[PDB]
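K.L.:
First the structure, then my questions, so here it is.
Since every read-out is calculated from the coordinates, none of them should be taken as a lab result. Cβ coordinates were reconstructed from backbone atoms using ideal geometry, including for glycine residues, and neighbour counts include every protein chain displayed.
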Amino acid sequence: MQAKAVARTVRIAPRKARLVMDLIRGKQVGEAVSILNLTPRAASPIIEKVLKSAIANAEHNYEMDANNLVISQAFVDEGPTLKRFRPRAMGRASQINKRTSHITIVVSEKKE
Amino acid sequence: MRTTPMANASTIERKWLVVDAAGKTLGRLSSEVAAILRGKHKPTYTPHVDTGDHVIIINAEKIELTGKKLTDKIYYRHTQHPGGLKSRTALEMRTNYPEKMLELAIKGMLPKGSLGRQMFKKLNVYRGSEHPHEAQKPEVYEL
Amino acid sequence: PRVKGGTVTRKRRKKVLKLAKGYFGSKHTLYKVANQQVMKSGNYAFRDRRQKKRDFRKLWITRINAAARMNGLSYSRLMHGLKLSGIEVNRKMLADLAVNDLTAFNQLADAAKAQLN
Amino acid sequence: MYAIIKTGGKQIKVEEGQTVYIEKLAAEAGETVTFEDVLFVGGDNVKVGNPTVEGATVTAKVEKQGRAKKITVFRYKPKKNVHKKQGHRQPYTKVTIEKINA
Amino acid sequence: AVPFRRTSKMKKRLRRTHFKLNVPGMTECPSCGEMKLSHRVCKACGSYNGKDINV
RNA sequence: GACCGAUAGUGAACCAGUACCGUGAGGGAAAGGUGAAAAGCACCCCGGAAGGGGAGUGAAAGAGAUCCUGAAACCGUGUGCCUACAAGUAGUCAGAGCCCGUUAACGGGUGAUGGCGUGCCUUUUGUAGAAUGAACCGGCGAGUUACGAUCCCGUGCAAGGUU
RNA sequence: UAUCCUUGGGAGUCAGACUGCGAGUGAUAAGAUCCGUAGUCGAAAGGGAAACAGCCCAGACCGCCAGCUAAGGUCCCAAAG
RNA sequence: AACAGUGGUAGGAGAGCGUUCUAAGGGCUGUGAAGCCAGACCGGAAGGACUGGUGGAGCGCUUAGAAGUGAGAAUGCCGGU
């Protein structure tokens, strides 16, 4: 059926993650994971991490096959937004947003 | 009722006819051609879905403006480049490129947005001999 | 004796956004701009009900006039000749019968010419 | 058969064996009405000129009264603030022809 | 000159898309069963004109 | 109590004259909800962790510790239709293809052509503006109450009404 | 009588704006200045004038794929000799 | 029945609708009330109401009287974005 995990509250922009997110969709798990592991990008090991736990959970806990999985679909949405002031010049202040976002992934079997 | 006999989008005419512009006054010829291109000729719907008649001229020769304005009706357009306003007189337009003063003279008499200029392009004209068509065996006609 | 708020206001609002539905994602997701679209759509409707009815005249006659010409006759003397032949216009609308049966329109065109000879 | 009938102040084209949207001139539910105000029979014959053909008389089986859906009417007057709304419902009747008696 | 409109989804998307992130030009190296870096030292068998380092 | 229900009712429902601000008296905020019962997840696995993922709990776990019902703006994912030769406050009217489908009118979905359409208030003679105001959505919010005066109109009495 | 008249209860408006007709100023530069009359716009659509508030046709309380018509046209766009 | 109709800003005049509340005659709801979203849903001129889904404990038709009684506008107001 499906292989599943989710990460909640993860410092990474929706915009930033969105790029990498679409690029792993429909892709063979075995290929996607390997790629991500060594890259100069920092969102790569994070989206990877969650993806690997989806595999992990699927096997160990409710029984699935990890040799049949691909990446069904995935998406990324902003979670809460925590505004913080950063003293901006001219007597002002700006609101930097240290984002905490919900990276969602639905792995699944499709080669079973 | 609330509707009436009308054209469908599967209604295709698109007949090809020989016509000449040689010895023709123009605006007598071009106007009546424009009518048929617009879909008016059919007993069925004129603008919503329509097919006109594509017409190919073989011989395009002398046009009559019946005065001194045959050789002195100066045409104009304003096209992007720093030279702007380019002008070409009737006398020299008749000598070379008489195609394009009969082409824009049936576009000027047609309304229509997108589709109208598409069907229009299938109309051709030439001063020598033009009709490679033989698939539809173009029927002779003169207005 | 204090008004409900919420729900009541959202009932009144829903009407506007429903009439303005199907447009964009800025023309009915935004209330104040949705308002503007409803004004247009309603006005358009009412004027065009009368505009369309006059346009049908300016449509059938265009078709007829061309067909008539392919039987050696012009619209002006067609219409006249029909009234001369029986005291019937027979509807310009219903002369759409030149599509359905060509034969009818042909003989009725000759019948028009008859009293004009 | 090609025929034409009077429906009050207008006329409608009518064949035979087909329903038609008509004005209510009284024609409710399952009844039978006729059009002796018929004025064309042919489509291969002519009956113009001849207002009212007496060689024919259409028979119709009344097939329900329907009602046209509401359609927005509105007056906005910009800079004057008017907001008069209406929706035009109005009933109408439907009949089905199936035999044009001679 | 500064924004005069809120900016619809259509405009914003036309801008931010037509281009998208792509994976590096990694090749699949069947001599270690994982991706390597094309014409660069592999991260699991050292492939780039000799193979001898599996780190 | 013909008082109000988390923007209402006192500045302040709640660990508020607190937080926060100026040298200073002083100015002066926001903030309700897991269950009926805590039984707030025994037991296990992966995530360095942050979290989840099975299982169990219980009526309910889309009640699982940041949670009542939780809209809308806002932002992603899947799907039907549609666009790479064109001219627009985006619809309206009318045809037309494709897809779908109504309990009933027998019906919805879309946009390929043709005609037509220049936001609202502010302010008027005229703003569609190159005049005034608005980032957007939601909720919130301005013709009042009392006592005289003058009319209204409903009734009881009416040469009587009234403490 | 979709007239006046009388009484009681609520008004709103005070550059109107624009055009024609008629009298006066410049014996008639000036979005120059005044009135008698009517019209329209104001406040009220649409038709014709390319569109072009106020000229000209005319007044929108609602659907009809019915017809006649005004100003204004009939070679095409812009229905139609 | 016949007969005529002018429905336009400022305003005048006539009826209704929803919202909260108190009242006396009545009635629904855990097998699903209030609130929430979709329906090619029906009935309105308009202001105005039905079924499925979610949700998980209260709700209301008539007859009357009362109001904090219906927002697209003053770099209006508060939260979200």
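For every residue, the table says whether it meets (1) without any contact (Cβ under 8 Å) to a residue 40 or more places away in the chain; (2) within 30 Å of residue D:5 (Cα to Cα); (3) touching a strand residue (DSSP E or B) at 6+ places or on another chain (Cβ under 9 Å); (4) not small (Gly, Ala, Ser).
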{"residue": "C:25", "(1), (2), (3), (4)": "yes, no, no, no"}
{"residue": "C:30", "(1), (2), (3), (4)": "yes, no, no, yes"}
{"residue": "C:40", "(1), (2), (3), (4)": "yes, no, yes, yes"}
{"residue": "C:51", "(1), (2), (3), (4)": "yes, yes, no, yes"}
{"residue": "C:56", "(1), (2), (3), (4)": "yes, yes, no, yes"}
{"residue": "C:61", "(1), (2), (3), (4)": "yes, yes, no, yes"}
{"residue": "C:70", "(1), (2), (3), (4)": "yes, yes, no, yes"}
{"residue": "C:97", "(1), (2), (3), (4)": "yes, yes, yes, yes"}
{"residue": "C:106", "(1), (2), (3), (4)": "yes, yes, no, yes"}
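K.L.:
When you scan the stretch B:18-34, how many residues do you find that are under 30 Å from residue C:58 (Cβ atoms) and surrounded by fewer than 19 Cβ atoms within 10 Å (Cβ to Cβ)?
P.N.:
Adding up the residues that qualify gives 6.
K.L.:
Next question. More than 10 Å from chain E (Cβ to nearest Cβ) and more than 13 Å from residue A:106 (Cβ to Cβ): does that describe residue A:48?
P.N.:
It is true that residue A:48 is more than 10 Å from chain E (Cβ to nearest Cβ) and more than 13 Å from residue A:106 (Cβ to Cβ).
K.L.:
Follow-up. So residue C:14 clears everything in (1) out of contact with any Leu (no Cβ under 9 Å at 6 or more places or on another chain); (2) more than 14 Å from chain D (Cβ to nearest Cβ); (3) within 16 Å of RNA strand G (Cβ to nearest atom) except one condition, right? Which one?
P.N.:
For residue C:14, the failing item is (3).
K.L.:
Moving on. Looking at the stretch B:23-52, I want the residues that are more than 13 Å from chain C (Cβ to nearest Cβ) and in a loop (DSSP other than H, G, I, E, B) and have a partner that is within 9 Å of RNA strand F (Cβ to nearest atom) and hydroxyl-bearing (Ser, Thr, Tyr) with Cβ atoms under 8 Å, at least 6 apart or on another chain. Which pairs are those?
P.N.:
Hits for this filter: B:49/B:11; B:51/B:11.
K.L.:
So, in the stretch D:28-47, exactly how many residues are part of a loop (DSSP other than H, G, I, E, B) and within 14 Å of residue D:6 (Cβ to Cβ)?
P.N.:
The number of residues fulfilling the criteria is 5.
K.L.:
Additional query: Which condition number does residue C:43 fail, the rest of (1) surrounded by 13 or more Cβ atoms within 10 Å (Cβ to Cβ); (2) more than 7 Å from RNA strand F (Cβ to nearest atom); (3) in a helix (DSSP H, G or I); (4) away from chain D (no Cβ under 14 Å) being met?
P.N.:
Residue C:43 satisfies all of (1) surrounded by 13 or more Cβ atoms within 10 Å (Cβ to Cβ); (2) more than 7 Å from RNA strand F (Cβ to nearest atom); (3) in a helix (DSSP H, G or I); (4) away from chain D (no Cβ under 14 Å) except (4).
K.L.:
Separate question: Regarding residue D:99, is this residue of a type outside the set (A, V, I, L, M) and either within 16 Å of RNA strand F (Cβ to nearest atom) or in a strand (DSSP E or B) (or both)?
P.N.:
Spelling it out, residue D:99 is indeed of a type outside the set (A, V, I, L, M) and either within 16 Å of RNA strand F (Cβ to nearest atom) or in a strand (DSSP E or B) (or both).
K.L.:
Still on this model: Going through A:90, A:1 one at a time, which residue ends up being more than 12 Å from RNA strand F (Cβ to nearest atom), out of contact with any helix residue (DSSP H, G or I) (no Cβ under 7 Å at 6 or more places or on another chain) and aliphatic (A, V, I, L, M)? Steps first, please.
P.N.:
Details: A:1 fails: more than 12 Å from RNA strand F (Cβ to nearest atom).
Checking each option against the conditions leaves just A:90.
K.L.:
If a residue must be more than 6 Å from RNA strand F (Cβ to nearest atom) and not in a helix (DSSP H, G or I), how many such residues does the stretch C:5-26 contain?
P.N.:
Of the residues in the stretch C:5-26, 4 are more than 6 Å from RNA strand F (Cβ to nearest atom) and not in a helix (DSSP H, G or I).
K.L.:
Can you tell which of E:22, E:49 is away from chain A (no Cβ under 13 Å), surrounded by fewer than 12 Cβ atoms within 10 Å (Cβ to Cβ) and either within 24 Å of the chain's Cα centre (by Cα) or closer than 22 Å to residue A:36 by Cβ (or both)?
P.N.:
Details: E:22 fails: away from chain A (no Cβ under 13 Å).
Of the residues listed, the single one that is away from chain A (no Cβ under 13 Å), surrounded by fewer than 12 Cβ atoms within 10 Å (Cβ to Cβ) and either within 24 Å of the chain's Cα centre (by Cα) or closer than 22 Å to residue A:36 by Cβ (or both) is E:49.
K.L.:
Taking the options B:76, B:97, B:126, name whichever one is outside any loop (DSSP other than H, G, I, E, B), of a type in the set (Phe, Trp, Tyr) and more than 16 Å from residue B:13 (Cα to Cα).
P.N.:
On inspection, the qualifying residue turns out to be B:76.
K.L.:
Now for a different question. Quick one: how many residues across the stretch B:54-78 are buried (at least 18 other Cβ atoms within 10 Å of the Cβ) and touching a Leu at 6+ places or on another chain (Cβ under 9 Å)?
P.N.:
6
K.L.:
So how many residues does the stretch D:53-77 have that are more than 10 Å from chain C (Cβ to nearest Cβ), in a loop (DSSP other than H, G, I, E, B) and loosely packed, with under 15 Cβ neighbours inside 10 Å?
P.N.:
Of the residues in that region, 5 qualify.
K.L.:
Within the stretch A:6-21, take every residue that is assigned to a helix (DSSP H, G or I) and in contact with a strand residue (DSSP E or B) (Cβ under 8 Å, 6 or more places away or on another chain) and give me the one that is farthest from residue A:81 (Cα to Cα). Working first, answer last.
P.N.:
If we filter the stretch A:6-21 for residues that are assigned to a helix (DSSP H, G or I), which is where we start, we get A:14-21.
Those still in the list that are in contact with a strand residue (DSSP E or B) (Cβ under 8 Å, 6 or more places away or on another chain) too: A:14, A:17-18, A:21.
Details: A:14: 11, A:17: 16, A:18: 17, A:21: 20 Å.
Out of the qualifying residues, it is A:21.
K.L.:
Take the stretch D:66-102 and flag every residue that is within 11 Å of RNA strand H (Cβ to nearest atom) and within 26 Å of residue D:37 (Cα to Cα).
P.N.:
The answer is D:66, D:67, D:68, D:90, D:91.
K.L.:
Do you know which residues across the stretch C:27-40 are surrounded by 10 or more Cβ atoms within 10 Å (Cβ to Cβ) and either touching a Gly at 6+ places or on another chain (Cβ under 7 Å) or not in a loop (DSSP other than H, G, I, E, B) (or both)?
P.N.:
Within the stretch C:27-40, the subset surrounded by 10 or more Cβ atoms within 10 Å (Cβ to Cβ) is C:27-31, C:33-40.
Matches in the stretch C:27-40: C:31, C:33, C:34, C:35, C:36, C:37, C:38, C:39, C:40.
K.L.:
Still on this model: State all residues of the stretch E:1-42 that are hydroxyl-bearing (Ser, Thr, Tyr) and assigned to a loop (DSSP other than H, G, I, E, B); if no residue qualifies, say none. Before the answer, list the steps.
P.N.:
Here is the first cut: in the stretch E:1-42, the ones hydroxyl-bearing (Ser, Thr, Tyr) are E:7-8, E:17, E:27, E:31, E:38.
Listed by number, the residues that qualify are E:7, E:8, E:17, E:31, E:38.
K.L.:
Inspect all residues belonging to the stretch A:58-66 and state whether any of them is within 14 Å of chain E (Cβ to nearest Cβ), within 12 Å of RNA strand F (Cβ to nearest atom) and surrounded by 11 or more Cβ atoms within 10 Å (Cβ to Cβ).
P.N.:
Looking for residues that are within 14 Å of chain E (Cβ to nearest Cβ), within 12 Å of RNA strand F (Cβ to nearest atom) and surrounded by 11 or more Cβ atoms within 10 Å (Cβ to Cβ), one finds none in the stretch A:58-66, hence no.
K.L.:
Does the stretch B:101-121 contain any residue that is closer than 17 Å to residue B:30 by Cα, surrounded by fewer than 10 Cβ atoms within 10 Å (Cβ to Cβ) and touching a residue at least 60 places away in the same chain (Cβ under 8 Å)?
P.N.:
Within the stretch B:101-121, one or more residues are closer than 17 Å to residue B:30 by Cα, surrounded by fewer than 10 Cβ atoms within 10 Å (Cβ to Cβ) and touching a residue at least 60 places away in the same chain (Cβ under 8 Å).
K.L.:
Sort out which residues of the stretch C:60-98 are more than 11 Å from chain D (Cβ to nearest Cβ), within 18 Å of residue B:3 (Cβ to Cβ) and out of contact with any helix residue (DSSP H, G or I) (no Cβ under 6 Å at 6 or more places or on another chain), and write them in order of number.
P.N.:
If the condition is that a residue be more than 11 Å from chain D (Cβ to nearest Cβ), within 18 Å of residue B:3 (Cβ to Cβ) and out of contact with any helix residue (DSSP H, G or I) (no Cβ under 6 Å at 6 or more places or on another chain), then C:60, C:61, C:62, C:63 are the ones that fit.
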